[PDB]
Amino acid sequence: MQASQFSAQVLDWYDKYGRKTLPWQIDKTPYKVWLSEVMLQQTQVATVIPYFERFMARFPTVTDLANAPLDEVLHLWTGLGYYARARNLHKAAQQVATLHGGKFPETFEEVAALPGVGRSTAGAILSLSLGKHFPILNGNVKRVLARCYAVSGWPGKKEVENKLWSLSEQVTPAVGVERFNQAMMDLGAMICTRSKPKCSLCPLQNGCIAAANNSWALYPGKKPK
């Protein structure tokens, strides 16, 4: 299947089966999408929700987060693990307060310059909260694209990561980008799982090479040896 059919099938699936009601998806702003993306990169949705709610209630705005003591941020992070994310969250909130006058940057370069925010998280912040035309590529999306397009090779090799970023760019639409990017994350998280993917519940099952060859185990490639 062509890039235009990938996008259309994923958006039609999201419409009927996607997750649309999580708290970071309601009255989306750059700040809320950033906060949730950072919490979500190493923690599952069920554990993140109470923390997302407590952080939004305590820190309504990024300036509130910036002005809080770091020890108060770490105390409220307790239970989420991977505390470098919390230290960078706080540094990034202070960078928005100092460089961007308390308003979360809405351009790619300034968002990706924030501590703890990579190319995929910056693309996620801007595409999901403002509908800007940016692709994402976290572990879950890497798996969906690598299986659908048979991208063998370890994504830790620059050549394979570039291939996967090119594929993401090719299948990501401008129209409906916020719905498409959330749907790709949902598919990788819930359908195209690391083991035994639920191919029969996947909107890409008619064109996916791994589903046609029952070779999901080969994609993406793991680290050598």
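The first residue of the sequence shown is number 1, and the count goes up from there.
Subject >> Selected stretch [higher average CA B-factor]: 32 to 40 or 154 to 162 >> reply: Going by the record's values, the stretch with the higher mean is 154 to 162.
Original post:
Can you tell me which stretch has the higher mean Cα B-factor, 112 to 120 or 99 to 107?
Top reply: Comparing 99 to 107 with 112 to 120, the higher average CA B-factor belongs to 99 to 107.
Subject >> Residue of maximum C-alpha B factor among 94, 78, 140, 88, per deposited coordinates >> reply: Among 94, 78, 140, 88, the highest C-alpha B-factor in the entry belongs to 140.
Subject >> C-alpha B-factor winner, where the candidates are 199, 167, 57, 189 >> reply: Among 199, 167, 57, 189, the highest C-alpha B-factor in the entry belongs to 189.
**OP:** Would you mind checking where the Cα B-factor of residue 47 ranks among the modelled residues of its chain, as the lowest, middle or highest third?
**Re:** It belongs to the middle third of the chain when residues are ordered by C-alpha B-factor.
Original post:
Ranked by Cα temperature factor within the chain, is residue 217 in the lowest third, the middle third or the highest third?
Top reply: Within its chain, residue 217 is a highest-third residue by C-alpha B-factor, going by the deposited values.
Original post:
Lowest, middle or highest third: where is residue 178 by Cα B-factor in its chain?
Top reply: It belongs to the middle third of the chain when residues are ordered by C-alpha B-factor.
Subject >> Entry-reported Cα temperature factor of residue 67, expressed as the chain third it lands in >> reply: According to the entry, residue 67 has a C-alpha B-factor in the chain's middle third.
**OP:** Please place residue 26 in the lowest, middle or highest third of its chain by C-alpha B factor as given in the entry.
**Re:** Highest third, going by the recorded CA B-factors of the chain.
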